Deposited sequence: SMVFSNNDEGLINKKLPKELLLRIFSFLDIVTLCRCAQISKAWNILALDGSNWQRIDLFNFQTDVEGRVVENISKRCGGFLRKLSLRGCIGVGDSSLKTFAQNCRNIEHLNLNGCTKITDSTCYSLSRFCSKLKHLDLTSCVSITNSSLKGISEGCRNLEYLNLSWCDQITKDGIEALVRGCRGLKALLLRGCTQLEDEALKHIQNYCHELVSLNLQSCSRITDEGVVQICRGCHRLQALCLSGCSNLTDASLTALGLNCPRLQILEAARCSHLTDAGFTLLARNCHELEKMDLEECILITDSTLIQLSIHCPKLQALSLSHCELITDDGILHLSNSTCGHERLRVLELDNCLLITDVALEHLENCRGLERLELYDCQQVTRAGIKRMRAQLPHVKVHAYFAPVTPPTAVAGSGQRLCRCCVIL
């Protein structure tokens, strides 16, 4: 076969590295070369199951692989319950990455299996595992202390008491995703800053009980934060913005959609101390004026992606500043100005300096003409600009 004559093993394994386990077992039946290739270790490293619900597969992989399963994705495999994952856990003790996103029949029972048998976990994804309680976080905190990444998204019955148990053991978490955990409040934020000083990424989206008391504490306790999401946390004020500036000089991503009270005061204090911001989502920060964008153009040389959706007060002026940024001349690619009612064709002429722009959104910017769009596409063919036209 040409395939074997022209492609070396290193490349053949790269091909097989994209293959399901079923297809990988059929290649084992092709030849003696393709047998040694189909069963090489590097092909049993990660499994992503894309199967049928009616399970025993996860248990059969646990035996055929066992010792070398390192990453296991079960996202959306509603078939699996505690029984399969017990079997897999006792057979795959070296697992470092487990993704149980959407596995709805999962109980505290599997986090206990994981605690007993999977002390090398660095990455646990529990998104939408709704039957998980605080007790699961206690078991994980005992047996999974090297956890670097935990995702509790939409695990709505988790409370501050579970968070406390979890971080008291998983002191080394670098990424913690808590989106849609609406019972979380400021005490749970305070347990996090107490123990998770190496935290790089924190997602609090729709955790609308939290306040400045909790967020300010988090900045005090987590000086290595690079990514923070607080969209939907309406209670927040510029006080949380001042604490970020004061404590988090490595901030790269700040999502604060729907945080109405944020003002220019907060963002000026934030901008001056945070020279590594790359993404900022300020959708529905209505009080924000052109002044906020002014500071961003000065103090944020690497700004990459900016959303000003529904920031009504923004005018063509602030856009001129962005375009005459150091970041705007090459390092801005995504700008979202929709429902900024004051933006006109002139802003699109400003953004003709932004040779790096890939994506521009102008929905509901009614002052913007089909003409303006066409001449911007003409100067910057790189840009996809998006309006309702």
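Mapping the modelled residues onto the deposited sequence reveals missing stretches at 1 to 9, 64 to 66, 402 to 424.
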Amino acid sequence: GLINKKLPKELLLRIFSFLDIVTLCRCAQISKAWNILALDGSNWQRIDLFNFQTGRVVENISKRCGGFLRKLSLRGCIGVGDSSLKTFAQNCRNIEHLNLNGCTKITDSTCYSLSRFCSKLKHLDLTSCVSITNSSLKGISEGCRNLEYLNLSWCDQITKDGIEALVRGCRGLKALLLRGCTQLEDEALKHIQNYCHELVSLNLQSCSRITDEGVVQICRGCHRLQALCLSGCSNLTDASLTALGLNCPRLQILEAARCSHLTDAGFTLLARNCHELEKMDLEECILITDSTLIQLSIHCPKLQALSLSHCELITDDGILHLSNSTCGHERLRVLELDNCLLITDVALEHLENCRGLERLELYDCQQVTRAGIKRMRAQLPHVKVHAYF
From here on, numbers count along this sequence of modelled residues.
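With 96 to 104 and 77 to 85 compared on mean CA B-factor from the PDB entry, the stretch scoring higher is 77 to 85. Between the stretches 218 to 226 and 172 to 180, it is 218 to 226 that shows the larger average CA temperature factor.
Set against one another, the Cα B-factors of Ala188, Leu303, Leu114, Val200 in the record reach their highest point at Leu303. Per-chain ranking of the deposited C-alpha B factor places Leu357 in the highest third.
Residue-level temperature factors show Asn134 in the lowest third of its chain, judged at the C-alpha atom. In the deposited entry, the Cα temperature factor of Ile15 sits in the middle third of values across the chain's modelled residues. Annotation for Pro249: C-alpha temperature factor in the middle third relative to the rest of the modelled chain, per the entry. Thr159: CA B factor lies in the lowest third for its chain, per the PDB record.
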